[PDB]
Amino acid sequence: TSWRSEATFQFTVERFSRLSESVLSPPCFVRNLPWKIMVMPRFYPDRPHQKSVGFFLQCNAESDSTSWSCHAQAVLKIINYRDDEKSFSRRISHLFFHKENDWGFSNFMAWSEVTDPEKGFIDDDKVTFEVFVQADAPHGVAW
């Protein structure tokens, strides 16, 4: 159901090594709003050797409405395919709204580590991301 308070969904990015810009999952509905996983390579000019995986949760970004807001908790996880006990996750808490409709980690993990076959996150050039999102009832959506 769309109005559920929480959900866990995964997003697998294929040909991960070739990613150059943000890739987005299809929407997953929680608390009557659409949520997406956004993944992108990131780097900063002062640390050109430290390219990272950027990993964000995005809420209701297809809307340009300035009225909506939704506070959510989430666990942002990259799945270790070799050992499910070696997956890596980091927690967030954020009021989502138009000006800040995503939240997560620009420097989630080093790109060189996620793409290292020996580390267990990448297989057949595929990396799987997962979000467990626990959202509050939104405001500014229903009349």
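Note that residue numbering follows the sequence shown and begins at 1. Basically, rigid core = biggest C-alpha set you can superpose within 1.5 Å across the two forms.
Of the stretches 59-67 and 27-35, which sits farther from where it is here in 9 other deposited structures of this protein, on average over its Cα atoms, after fitting the core?
When 59-67 and 27-35 are compared in 9 other deposited structures of this protein, 59-67 lies farther out.
Is residue 98 missing in a third or more of the other PDB entries that were compared?
Looking at the other entries that model residues on either side of it, residue 98 is present in every one.
Residue gap status of residue 42, at least a third of other entries:
Across the other compared entries, residue 42 is absent from none.
Taking only the CA atoms, which stretch has the higher mean B-factor in the record, 115-123 or 8-16?
Higher mean C-alpha B-factor: 115-123.
Comparing average C-alpha B factors as deposited, tell me which of 86-94 and 102-110 sits higher.
Between 102-110 and 86-94, it is 86-94 that shows the higher mean C-alpha B-factor.
Highest recorded C-alpha temperature factor, please, choosing from 80, 67, 60, 52.
That would be 80, according to the entry.
Taking only the Cα B-factors deposited for this chain, tell me whether residue 22 sits in the lowest, middle or highest third.
Highest third of the chain for residue 22's C-alpha B-factor.
Against its chain's modelled residues, does residue 48's Cα B factor rank lowest, middle or highest third?
Answer is lowest: the recorded C-alpha B-factor places it there.
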